[PDB]
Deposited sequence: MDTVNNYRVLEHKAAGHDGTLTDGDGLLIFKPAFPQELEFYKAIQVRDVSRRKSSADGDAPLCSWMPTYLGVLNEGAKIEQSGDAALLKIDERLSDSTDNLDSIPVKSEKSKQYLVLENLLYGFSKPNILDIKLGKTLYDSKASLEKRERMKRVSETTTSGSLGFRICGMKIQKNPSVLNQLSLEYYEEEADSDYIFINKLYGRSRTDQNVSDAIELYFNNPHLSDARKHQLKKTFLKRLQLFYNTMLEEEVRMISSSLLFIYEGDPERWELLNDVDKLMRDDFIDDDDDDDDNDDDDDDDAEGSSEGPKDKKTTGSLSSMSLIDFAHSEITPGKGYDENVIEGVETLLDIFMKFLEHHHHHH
């Protein structure tokens, strides 16, 4: 699974083409590789999950405002509604979903309408309904749930939280300098749930994701169907606001 095939939306295609001591925006993004014509057209992207034994995945949508310049007013009113009733409008981010290895402990406390299991595997999908129902005050517990892997020590989990704090510091620094407007982009967190792979890598993570063309975890920026480069127009404060709230949350973890 080296490559991912997304259905191409022109705006997202255009954003990847326009982009591709602070780290540059593109170093947070999947490597864009081209298009495939099936016609149906697909973006071909590097698979961020490649090389993980047991990837544990968190999708956080960024921004208070969840509609773009061109949003039809019917769905602009919908996106105001989503923002005002979730942590998006108050914190600048919301949990969109997770795909994680089940901790039996966790599982029992979580209501059945919040996840999908399976007899074929040790994974649960934690759904959008879970993310939308988080409050300002309980969302950080949602993020803790994410890292609460049954296979990892408290030491390794601590290490992971410190690693993403630092990536958040870096991504924040990137964003102060980037002249873009990204509507409904997500941060994608991934971490290795297989302790054998930790041993193989000797608990050594890499702050920045490896170059695909020329990790025990990663944080990436994805989903650019409502994003544009806006040179001269200054930094994306809508997005930065959610990053700032994530920094505060991760600093509380380490306190």
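Residues of the deposited sequence that lack C-alpha coordinates fall in the stretches 1 to 25, 46 to 57, 76 to 110, 287 to 316, 358 to 363.
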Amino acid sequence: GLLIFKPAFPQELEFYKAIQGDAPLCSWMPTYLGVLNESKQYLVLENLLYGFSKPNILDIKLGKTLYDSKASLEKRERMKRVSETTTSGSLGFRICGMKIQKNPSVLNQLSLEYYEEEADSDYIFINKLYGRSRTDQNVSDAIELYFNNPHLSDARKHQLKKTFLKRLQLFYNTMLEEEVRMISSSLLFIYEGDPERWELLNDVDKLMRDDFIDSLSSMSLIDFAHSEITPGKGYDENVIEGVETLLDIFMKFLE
From here on, numbers count along this sequence of modelled residues.
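Mean C-alpha B-factor is higher over 115 to 123 than over the other stretch, the pair under comparison being 170 to 178 and 115 to 123.
The mean Cα B-factor in the deposited entry runs higher for 204 to 212 than for the other of 204 to 212 and 55 to 63. Note on 109, 185, 90, 153: the highest value goes to 109, judged by CA B factor as recorded. Among all modelled residues in this chain, the alpha-carbon of residue 148 has a temperature factor (C-alpha) in the middle third. Per-chain ranking of the deposited C-alpha B factor places residue 142 in the middle third. Annotation for residue 39: CA B-factor lies in the highest third of the chain's modelled residues. Annotation for residue 194: CA B-factor lies in the lowest third of the chain's modelled residues. Residue 5: CA B factor in the highest third of modelled residues in this chain (values from the PDB entry).
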